[PDB]
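Take a look at the structure below.
Chains as they are written, first to last, in the working numbering: chain B, 5 to 347; chain P, 315 to 695; chain V, 910 to 961.
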């Protein structure tokens, strides 16, 4: 679908532009840092910039966010070698991913494939752990978007596709009507008519008289003289200028574009700022980063992405930094931390 | 390190089959891409997209996130050769045209393919782009591609993939290979899935546009362009009815009595002036909408067909949809860690004012060391 | 019929000798199916009530 695909690849594209890195977390009360080895952290950085071969970090981000938008879930796979050192990461196709629950409240394993592929990959909650807490064998994530009635995983998905069926169907119907009527409505004008008293043998001649005035005709552009037997011409309109129903179409476009959280103007700069820091950041950037930080590294360190890598927010960051520079009742470190710049 | 067992083995079971050399794109997709290159709006947007990225300048450079103190710039001479080949690819083709063809195929099919000729020591000798329509690839047993077939009967060079090839000790290859950069999609299937191109979603508008334009060209020639449908009576002694016709006719510009009145003595002729509007033959309203739609789907602000819009098109559609995947693909397998291919943003003529301003403002700041004020605006060290 | 785009003689006039046939062009407005005015107002009401 044109509009849905446009919005989807837009959302996937923008998030695919952000840059990763592992780093110290700001709310580090945990003096007993969970960066267990500080060599596991370097390897996690490497994999975070270079996932499983023939796949880059950007494409990983793109697929992750795209699945997140379509189904409201994110699934992955890690291959930690033996010592909390992750080997590489794979994204999981949400369509054909099944999961299996425990007796108390949660998932234990994920089944991926029908009959042949049956790798009952353990969940993070149950897997062979280190003496520090880190896993030793493979696992998966299944990041989930909450909904009403709790039901943390047993619940129904929470995706925009829930509430856009009506407008997308309306759009399809209207565009089908337009396509059909484009070819099928005669494109001719001047429905001329004679009477039953004209000796067809010259009504051929009257036709050749009217017809042969086309641009580049024998007598083209000259008048029509009909001596006797008044023939009557009527000009059809053939408006054909609203076949797609322009008004009850842009409304559906605004509906299925707004439901993805896209300021219409995108399809001025202020609206780009809004789309970046209103729906993209706290709807794709924060959930993915909290999902990774929850179980990909110990406390005190977590995956972070540089806000200054967004080309649209550079001017805003620069102005805010400049203004703060003028303040004085504030130490240098908090002037730093209030605008990134950890220490 | 490498575990050789990815979870991508769902598809080789039954959903696919190994040792078959499947082609990479549907014939429908190829023919759609072909005639979309002759359509006015689609070709305009395609060549704009190619032209813009074709503009960026290449170079290899230190990567910023160089946590690998064991730099993968194995030789520092392979890197000079990579610079050379990056500015001068295979003879009879330049780097700019390489970028043009790569990005154009990326836009049309969502795939990129290439070929290298590393001599014996990680020094790549030349780089060739591969025609996506007639490139077929052959998969391994676990989850991935091993070899590429290029040509049906005579050309049968099953060039090895990068994953499986004779790789010099450090890891760098020794013999030729190919890339097959792919665009991600739903339901994973990183290589087994369908293409992801703007052409998927503009068949409807492009067909509607062709329908309207055919109607326009059609009605242009065929609708009489004459006025004054004059008829006399059926009682006029034709022999003077011709005379009245000559009287009316010979008022054309450059005639006997042009511009003077017409006197008819009895037998009232009856003229009626036809409109011949013909001022909506192409249906302007349900045409520019299709132009906007097949323009919006390629990721192009309409206004381009003000400077704020150029900036947006550059740092919103060109960069994170053509520049970063291409550069990350080259970086993944063309050089070792710590080094990768980078392009200078300040080579974009549209961003120069923005860069200068952001550089100026940061200069006013004080609670930031010099190196970070540099790195936040390029300028590595 | 044979004047549709991609027709044998498409775009030329129609000549009917005798027995006047009569065509009428259907308006087919269809541009207010959703009742744009008494719909955006409901959107505003169920929006303003959420305080947005």
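Backbone N, C-alpha and C define an ideal beta-carbon position, used for all residues, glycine too.
>> What does the alpha-carbon distance come out to for the pair residue 19 of chain B and residue 105 of chain B?
In response: In the first chain, the residue the question calls residue 19 of chain B occupies position 15. In the first chain, the residue the question calls residue 105 of chain B occupies position 101. Whole-angstrom Cα-Cα distance: 32 Å.
> Which residue spans inside the region 342-376 of chain P form an unbroken alpha helix (DSSP H) run of at least 4?
Replying inline: 354-369
>> By the DSSP assignment, the beta strand (DSSP E) with residue 195 of chain B in it spans what residues?
In response: As a first step, residue 195 of chain B must be located in the first chain, where it is residue number 191. 195-197 is the extent of the beta strand (DSSP E) around residue 195 of chain B.
> Does the beta carbon of residue 952 of chain V sit closer than 7 Å to a beta carbon anywhere in chain B?
Replying inline: The residue given as residue 952 of chain V occupies position 43 in the third chain. No, its Cβ sits nowhere closer than 7 Å to a Cβ of chain B.
> Should the region 125-138 of chain B be called in touch with the region 98-112 of chain B, which here means at least 3 C-beta pairs below 8 Å?
Replying inline: yes
>> Report the CB separation of residue 567 of chain P from residue 217 of chain B in whole angstroms; it is logged as a contact under 8 Å.
In response: Taking the first residue of the second chain as 1, we reach residue 567 of chain P at position 253. Taking the first residue of the first chain as 1, we reach residue 217 of chain B at position 213. Not a contact, Cβ separation roughly 18 Å.
> Where does the unbroken alpha helix (DSSP H) through residue 460 of chain P begin, and where does it stop?
Replying inline: Here residue 460 of chain P refers to the residue found at position 146 of the second chain. No alpha helix (DSSP H) contains residue 460 of chain P, which is instead part of the beta strand (DSSP E) from 459-464.
>> Would residue 447 of chain P and residue 344 of chain P qualify as a contact pair, given that the criterion is a beta-carbon distance under 7 Å?
In response: By 1-based counting over the second chain, the position of residue 447 of chain P is 133. By 1-based counting over the second chain, the position of residue 344 of chain P is 30. In this structure, residue 344 of chain P lies closer than 7 Å to residue 447 of chain P by Cβ.
> Looking only at C-alpha atoms, which of B/243, B/187, B/317 and B/273 sits nearest to residue 620 of chain P?
Replying inline: By 1-based counting over the second chain, the position of residue 620 of chain P is 306. Measuring from the Cα of residue 620 of chain P, the nearest candidate turns out to be B/273.
> What are the uninterrupted segments assigned as alpha helix (DSSP H) that are 4 or more residues long and contained completely in the region 547-604 of chain P, given in chain order?
Replying inline: 555-563
> Nearest CA to the CA of residue 676 of chain P: which residue from P/664, P/501, P/666 and P/689?
Replying inline: On the second chain, position 362 is the one that residue 676 of chain P refers to. Of P/664, P/501, P/666 and P/689, the residue nearest in Cα terms is P/689.
> Of the residues B/175, B/185 and B/57, which one's Cα is nearest the Cα of residue 251 of chain B?
Replying inline: Counted from its first residue, the first chain places residue 251 of chain B at position 247. Looking at the Cα atoms, B/175 is the closest of the given residues.
>> Counting only C-beta atoms, is residue 917 of chain V closer than 7 Å to chain B at any point?
In response: Sequence index remark: in the third chain, residue 917 of chain V carries index 8 (1-based). False, the Cβ-Cβ gap to chain B never drops below 7 Å.
>> Measuring only the C-alpha atoms, how far is residue 307 of chain B from residue 290 of chain B?
In response: In the first chain, counting from the first residue as 1, residue 307 of chain B sits at position 303. In the first chain, counting from the first residue as 1, residue 290 of chain B sits at position 286. Whole-angstrom Cα-Cα distance: 11 Å.
>> Is it the case that the region 646-655 of chain P contacts the region 388-398 of chain P, given that we only count it when at least three CB pairs across the two stretches are under 8 Å?
In response: yes
> What do you get for residue 203 of chain B, buried or exposed, if any count of 16 or more other CB atoms within 10 angstroms of its CB means buried?
Replying inline: Along the first chain, read from residue 1 onward, the residue named residue 203 of chain B stands at position 199. That one is exposed.
>> Strictly below 9 Å CB to CB, what residues from chain A border residue 187 of chain B?
In response: Of the protein chains in the structure, B, P and V, none is chain A.
> In chain order, what residues of the same chain have a beta carbon less than 7 Å from the beta carbon of residue 185 of chain B, not counting five sequence neighbours either side?
Replying inline: Your numbering for residue 185 of chain B matches position 181 in the first chain. The residues are 247.
> Taking the continuous beta strand (DSSP E) assigned at residue 487 of chain P, which residues delimit it?
Replying inline: Stepping through the second chain from its first residue, residue 487 of chain P is reached at position 173. From DSSP, residue 487 of chain P is part of no beta strand (DSSP E); its letter is neither H nor E.
> By Cβ distance, which residues of its chain are closer than 7 Å to residue 561 of chain P, with the 5 residues on each side in sequence left out?
Replying inline: The sequence position of residue 561 of chain P within the second chain is 247, counting from 1. Cβ within range, chain order: 576.
> What is the rounded straight-line gap between the Cα of residue 606 of chain P and the Cα of residue 613 of chain P?
Replying inline: In the second chain, counting from the first residue as 1, residue 606 of chain P sits at position 292. In the second chain, counting from the first residue as 1, residue 613 of chain P sits at position 299. Near 10 Å, if we compare the C-alpha coordinates of residue 613 of chain P and residue 606 of chain P.
> Quick one: what's residue 351 of chain B bridged to in DSSP?
Replying inline: Examination of residue 351 of chain B is not possible in this model, given that chain B is present from 5 through 347 alone.
> Is residue 305 of chain B close to chain P, meaning its C-beta is less than 7 Å from at least one C-beta of that chain?
Replying inline: Here residue 305 of chain B is taken as the residue at index 301 of the first chain, counted from 1. Not closer than 7 Å to any Cβ of chain P, the Cβ of residue 305 of chain B fails to qualify, so no.
> Curious, which full-length alpha helix (DSSP H) runs of at least 4 residues does the region 634-680 of chain P contain?
Replying inline: 638-646 and 666-678
>> What does the alpha-carbon distance come out to for the pair residue 103 of chain B and residue 161 of chain B?
In response: On the first chain, position 99 is the one that residue 103 of chain B refers to. On the first chain, position 157 is the one that residue 161 of chain B refers to. The alpha-carbon atoms of residue 103 of chain B and residue 161 of chain B are separated by roughly 14 Å.
> Can you tell which of P/351, P/363 and P/337 has the C-alpha that lies nearest to the C-alpha of residue 618 of chain P?
Replying inline: The sequence position of residue 618 of chain P within the second chain is 304, counting from 1. Residue 618 of chain P has its Cα closest to that of P/363, out of P/351, P/363 and P/337.
> Interface residues of chain V around residue 532 of chain P at Cβ under 7 Å?
Replying inline: As a position in the second chain, residue 532 of chain P is number 218, starting the count at 1. Simply 914, 919 and 920.
> Counting along the chain, where does the beta strand (DSSP E) carrying residue 103 of chain B start and finish?
Replying inline: Here the question's residue 103 of chain B lines up with position 99 in the first chain. Residue 103 of chain B -> beta strand (DSSP E) spans 101-105.
> To which residues of the same chain is residue 413 of chain P closer than 7 Å at the C-beta, ignoring the five residues directly before and after it?
Replying inline: Within the second chain, numbered from 1, the residue matching residue 413 of chain P stands at position 99. Cβ within range, chain order: 367, 368 and 370.
>> Assuming contact is defined by CB atoms lying nearer than 7 Å, are residue 548 of chain P and residue 232 of chain B in contact in what I supplied?
In response: For the purposes of this step, residue 548 of chain P is taken as the residue at position 234 of the second chain. For the purposes of this step, residue 232 of chain B is taken as the residue at position 228 of the first chain. Yes, the pair counts as a contact, with Cβ atoms nearer than the cut-off.
> CA-CA distance, residue 169 of chain B and residue 263 of chain B?
Replying inline: If you number the first chain from 1, residue 169 of chain B lands on position 165. If you number the first chain from 1, residue 263 of chain B lands on position 259. Computed Cα separation, rounded: 11 Å.
>> Tell me the rounded alpha-carbon separation between residue 955 of chain V and residue 949 of chain V.
In response: Residue 955 of chain V sits at position 46 when you count from the first residue of the third chain. Residue 949 of chain V sits at position 40 when you count from the first residue of the third chain. The straight-line gap from Cα to Cα measures roughly 10 Å.
> Among the residues of its own chain, which have a CB less than 8 Å from the CB of residue 635 of chain P, if the five just before and after it don't count?
Replying inline: As a working mapping, residue 635 of chain P is identified with position 321 in the second chain. Around residue 635 of chain P: 613.
>> 7 Å is my cut-off, CB to CB: does residue 251 of chain B come that close to chain V?
In response: Locating residue 251 of chain B in the first chain gives position 247, counting from the first residue. Output row for residue 251 of chain B: interface = yes.
> Taking Cβ positions, are residue 423 of chain P and residue 441 of chain P nearer each other than 7 Å?
Replying inline: Mapped onto the second chain, residue 423 of chain P falls at position 109. Mapped onto the second chain, residue 441 of chain P falls at position 127. Cβ atoms of residue 423 of chain P and residue 441 of chain P: not closer than 7 Å.
> Should residue 334 of chain P be listed as close to the ligand ADP, given that the test is whether its C-beta is under 6 Å from any heavy atom?
Replying inline: Ligands are entirely absent from the displayed structure, and the ligand ADP is therefore not among its contents.
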